[PDB]
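Analysis of the macromolecular model
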Amino acid sequence: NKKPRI
Amino acid sequence: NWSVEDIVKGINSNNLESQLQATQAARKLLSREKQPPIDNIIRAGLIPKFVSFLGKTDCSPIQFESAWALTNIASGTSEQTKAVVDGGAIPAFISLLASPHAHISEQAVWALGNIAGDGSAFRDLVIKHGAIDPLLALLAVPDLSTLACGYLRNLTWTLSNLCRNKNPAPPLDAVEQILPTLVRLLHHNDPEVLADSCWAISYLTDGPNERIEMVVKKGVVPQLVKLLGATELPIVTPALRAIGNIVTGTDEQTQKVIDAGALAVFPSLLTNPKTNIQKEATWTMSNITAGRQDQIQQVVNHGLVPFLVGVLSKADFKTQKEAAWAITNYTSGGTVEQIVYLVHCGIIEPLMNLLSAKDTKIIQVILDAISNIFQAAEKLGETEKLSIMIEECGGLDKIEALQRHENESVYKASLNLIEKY
C-alpha cells in the first residue's frame, strides 16, 4: 500500500 | 537530529546550501522509526518548499533529499498523502523520472508508488498526469538483468499500485498499456519482482470477466501455475490469489487454468501448513467444482476428492466452510457417478459432524448438499442404504434437531429432509 524509506 | 524549529529557519533562508542542510535534516527525521514527526512537519508549511526543491536541477543533492522527505510523508495517512498531492508534487515527481541521476529517478518512482497506493482517486490522478509513459520507458531494455536490483523492485512495486484499487478499477487503456511490461516482469528471476508482479496480476483479475479475459489473453496462466508451485511463500500467496480470481469467470477461462496443470499443485495447497494458503486453495476448488462436468471430472482424475474430504474433516472452520461450498457445488453440478464417488471417499461423516457448528450459513450449504446427494440416490434407487449410513454415524439426530432452530430456511429444509427420507 505505502512504504517508508528508513 | 534537528528540531522542527531549526529545519524551518534554514529552509526559509536565501542560501541554497543552508536549505540543502535543512532538507537533509528533515529527511533524517522522517527516516527514523519511532513516530516520525510527519504532522509537525506539515503544520510548519514545508511541503510547498520541498516540492519546489524537486525542480532545482543545478543542485541534484536538494532534489534527492526533498524527494526522500516527500516520499516518507506520502507514506502515512490518507490525510498526509493528500498534503503531498495538494502541494503540486505529482507533476514534479513525473518530471524527475527522467533525471540523469538514477538514485533520484528511483526516489521519484518510490514517491509516486506511495501516492498511487492511497486509493482509486490518486491512482487515476497519477495516471492523468501522464506517469505511465515515463515509467515504462525506464524498463525498455533488452535484458532486465542489466538494471539495478533495487531499481527494478521499486518499479515493479509502483506498477502494482497503479493496477491495485477497485471502485473503480484502473482505466482500461492504462491496463492495456501496462500489461506487456507486467508480463516481462512476471518472468524475471528476482523473488520480490515476481511476488509484486503476481500481486499486480492478482489485482487486475479481481473483477468482471472482461478484466480476467484481458489478462488470460496475454498467456500468463502457464507462468502463474509455475509460480503457484514455488517454494517461497510470498510468491505462492499472490500466485494463488490470481489463480483463484481467474476461476471466478467463465468456464473457458477456468479451463485454461486446468490445462496449465494447476490441479496438480493442489495436493500441496490443500495440505499447506499456512491457514491462509489452505483456505484460498479450498475457495479456488469450490469455484472449480461449480464448473462443467468434464471439469468436475478433471478434479476427480487428479485425486482431489480425498483431499476435500480431508479438509472437511479437519481444518480451520473458515477453510471448512469453503470446503462445504466446494461439496455443494460438486453435488449440484456433478453426474451420478461423480456424486456416489463422493460418498465412497467418505464425505458423509465429516459433513454430518459439521452440522454441530454454530454458524447458520454452513448449515444451509451442508443440508443443500445432502439434498443433492439424496436426489442422486433416488436416481439409483438406493435411498435406503444412504439413510442407514447417515443414521449409523449419528447424522439423523443432528438433522432432526435442526427442526428446532431459529432461522426458518433451516427448519424447512431440515423437516423436508426427514419427511422425504
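Residues numbered from 1 in each chain as written, not as in the entry; some residues may be left out. Chains lettered and ligands numbered in written order. Heavy atoms only, no water.

**Concerning the packing of aromatic side chains**
So the rule is basically this: For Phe, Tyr and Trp, where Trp contributes only its six-membered ring, two rings pair if their centres lie within 6.5 Å, and the inter-plane angle classes them as stacked under 30 degrees, edge-to-face over 60, or tilted in between. For helices the rule is a DSSP run of H or I covering at least 4 residues; for strands it is a run of E covering at least 2, with both sets numbered from the N terminus onward. Accessible area is worked out with a 1.4 Å probe on protein chains only. A residue is then buried under 20% of its type maximum, exposed over 50%, and partly exposed in between. Counted as over-ring charges are cases with an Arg CZ or a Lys NZ within 6 Å of the ring centre that also lie within 35 degrees of the ring normal.
Tallying each qualifying case throughout the model produces 3 aromatic pairs over all chains. Relative to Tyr203 of chain B, the ring of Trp199 of chain B lies with its centre 6.1 Å away and its plane at 25°, an arrangement referred to as stacked. Placement of both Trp199 of chain B and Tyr203 of chain B in helix α13 (residues 191-204) is noted, with a separation of 4 residues, approximately one turn of the helix. Among the residues examined, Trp199 of chain B registers a relative accessible area of 24% and is labelled partly exposed. Positioned above the aromatic ring of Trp110 of chain B is the side chain of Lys3 of chain A, whose terminal nitrogen or guanidinium carbon lies 4.9 Å from the ring centre. The ring of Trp157 of chain B carries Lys3 of chain A above its face, with NZ or CZ at 4.2 Å from the centroid.

**Focus on the nonpolar core**
Residues and elements named next belong to chain B. As a reminder, the rule being used: Think of a nonpolar core as a cluster: buried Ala, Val, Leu, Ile, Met, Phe, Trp, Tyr and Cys residues, connected wherever their side-chain atoms sit within 4.5 Å. Should any heavy atoms of two residues lie within 4.5 Å, those residues are counted as being in contact.
Among the nonpolar cores identified, the biggest contains 142 residues, and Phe50, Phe93 and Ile115 are the most heavily contacted of them. Considering every element that reaches this core, the biggest residue donor is helix α25 (residues 360-380), with 11 residues. With residues near it in sequence (within four places) discarded, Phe50 still touches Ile11, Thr23, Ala26, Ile41, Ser66, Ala69, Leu70 and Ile73.

**A closer look at the environment of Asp143 of chain B**
Residue and element names in this part refer to chain B. Along the chain, the position of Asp143 falls in the loop between α10 (132-137) and α11 (149-161). The exposure class assigned to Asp143 is partly exposed, which follows from its relative accessible area of 42%. Along the backbone, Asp143 and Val126 are 17 residues apart, and their C-alpha atoms lie at a distance of 27 Å.

**Considering the interface of chain A and chain B**
Cut-off, in case you're wondering: Once two parts are put together, the accessible area they lose, assessed with a 1.4 Å probe and summed over both, is termed the buried area. Should a side-chain nitrogen of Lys or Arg be within 4 Å of a carboxyl oxygen of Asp or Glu, the pair is scored as a salt bridge. The definition of a polar contact used here is a pair of N or O atoms within 3.5 Å, where within protein one atom must be able to donate a hydrogen and the other to accept one, and adjacent residues in sequence count solely through side-chain atom pairs.
The interface is formed by 6 residues belonging to chain A together with 22 residues belonging to chain B. The junction of chain A with chain B conceals about 1,200 Å² of combined surface from both sides, 47% of it contributed by carbon and sulfur atoms. Contact with chain B buries area across many residues of chain A, yet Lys2, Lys3 and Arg5 of chain A alone supply 67% of it, more than any other trio. Where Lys2 of chain A meets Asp118 of chain B, a salt bridge forms, and the shortest distance between an N and an O atom there is 3.1 Å. Counting across the chain A and chain B interface gives 11 residue pairs in polar contact.

**Quick notes on helix α15 (residues 221-228) of chain B**
Given 3.6 residues per helical turn, the α-helix brings residues three or four places apart onto the same face. Buried residues dominate α15 of chain B, accounting for 6 of its 8 residues. Those residues of α15 of chain B that are buried are in contact with α12 (172-186), α13, α14 (209-216), α16 (233-246), α17 (251-259) and α18 (266-269) of chain B.

**Remarks on the side chain of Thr254 of chain B**
All names here are of chain B. Examined against the element boundaries, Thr254 turns out to sit in helix α17. There is a polar contact of 3.4 Å between the side chain of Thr254 and the backbone oxygen of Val247. Sequence-distant contacts of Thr254, that is, excluding residues within four places in its chain, are made with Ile246, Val247, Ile288 and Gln295.

**Notes on the environment of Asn40 of chain B**
One can find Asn40 of chain B in helix α3 (residues 38-43). Polar side-chain contacts of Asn40 of chain B include one of 2.7 Å to the side chain of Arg43 of chain B.

**Here we look at the pattern of salt bridges**
Residues and elements named next belong to chain B. For the structure shown, the criterion picks out 11 salt bridges over all chains. Salt-bridge contacts for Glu65 lead to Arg27; the nearest nitrogen and oxygen are separated by 2.7 Å. Of this pair, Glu65 sits in helix α5 (residues 60-73) while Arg27 sits in helix α2 (residues 16-30), placing them 38 residues apart in sequence. The exposure classification of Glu65 matches that of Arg27, with both residues buried. Close ionic contact of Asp294 with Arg292 constitutes a salt bridge, the shortest N to O distance being 3.2 Å. Given a relative accessible area of 40%, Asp294 falls into the partly exposed group.

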